[PDB]
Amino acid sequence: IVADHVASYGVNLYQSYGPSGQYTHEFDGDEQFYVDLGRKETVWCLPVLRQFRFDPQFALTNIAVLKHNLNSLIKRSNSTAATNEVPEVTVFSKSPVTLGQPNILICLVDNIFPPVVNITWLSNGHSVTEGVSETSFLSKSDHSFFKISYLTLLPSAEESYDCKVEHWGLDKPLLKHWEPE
């Protein structure tokens, strides 16, 4: 429970929904890499870690075990479905705003369970598909998750932004506004 450094080698997740799964290694709450189970390749987050090789066959076979474990646990619990948690959304910038210069807008979506979420960005009510990146589902001690979306932009006094988050724990789509001021 109490340590200088905590690491997950790794975060094995598999849900019946898709059916979908996720493999990640985390070190001190940050994603080291993810394995694109479809493309069958390891995508490293930090450019220093690209000197390493993680075999995608590890993740693929680990997910084949969770597929088995999930079906077994559905039978044992007698189809005890996951309860949809109310997520916590926060929108902030990576650095202080000065309009001319380039900044990144961050959308924290904490307390996610089950890990099924749709994070989208909006500029004056219009959707923006350009310069948008998203992290993988990052583990939490209470066995819930948190995801982070990014929107690279050039701040403008008139241009406003909103974070469109979709989760089953919400009665209506959540929209967190961001004013450059």
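Residue indices: 1-based, along the sequence shown.
Relative to its counterpart among 80 to 88 and 102 to 110, 80 to 88 has the higher mean temperature factor, C-alpha atoms as listed in the PDB entry.
Of the two stretches examined, 147 to 155 and 36 to 44, the record assigns the greater average C-alpha temperature factor to 147 to 155. When the C-alpha B-factors of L66, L122, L138, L49 are read from the PDB record, the largest value belongs to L122. Split the chain's modelled residues into thirds by C-alpha temperature factor. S133 is in the middle one. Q15: CA B factor lies in the middle third for its chain, per the PDB record.
Ranked by Cα temperature factor within the chain, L175 sits in the highest third according to the deposited record.
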